[PDB]
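Student: Below you'll find the structure I mean.
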Amino acid sequence: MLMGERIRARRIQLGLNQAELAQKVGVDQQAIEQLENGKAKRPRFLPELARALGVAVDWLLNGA
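So the sequence shown is numbered by the deposited numbering: it starts at 0 and just counts up by one.
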């Protein structure tokens, strides 16, 4: 998969919603939506979201 599908997948694996994931990283829901559709490549928070998700930036980028 790409990033957008990874992020959607792991979120739904976590049973969280976009706004809830977003909030617990610190980001807006909208940043998660654009990431899902592939519009944000590397937004600022990528290591923060990765850390909050429990995965690497390399996992986010590529999908280990």
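For each residue, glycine too, the CB sits at the ideal point set by N, CA and C.
If we define contact as Cβ-Cβ less than 8 Å, is residue 4 a contact residue for chain B?
Tutor: Any reference to chain B falls outside this structure, which holds one protein chain only.
Student: From residue 1 to residue 17, what does the alpha carbon distance come to, in whole angstroms?
Tutor: 17 Å
Student: Could you give the first and the last residue of the continuous alpha helix (DSSP H) run that contains residue 41?
Tutor: Bounds of any alpha helix (DSSP H) do not take in residue 41, whose DSSP letter is neither H nor E.
Student: If you measure between the beta carbons of residue 42 and residue 30, is that distance less than 8 Å?
Tutor: yes
Student: Keeping to the same chain, check which residues put their C-beta closer than 8 Å to that of residue 49; ignore five residues upstream and five downstream.
Tutor: 55, 56, 58, 59
Student: Helix, strand or coil for residue 26 per DSSP?
Tutor: coil
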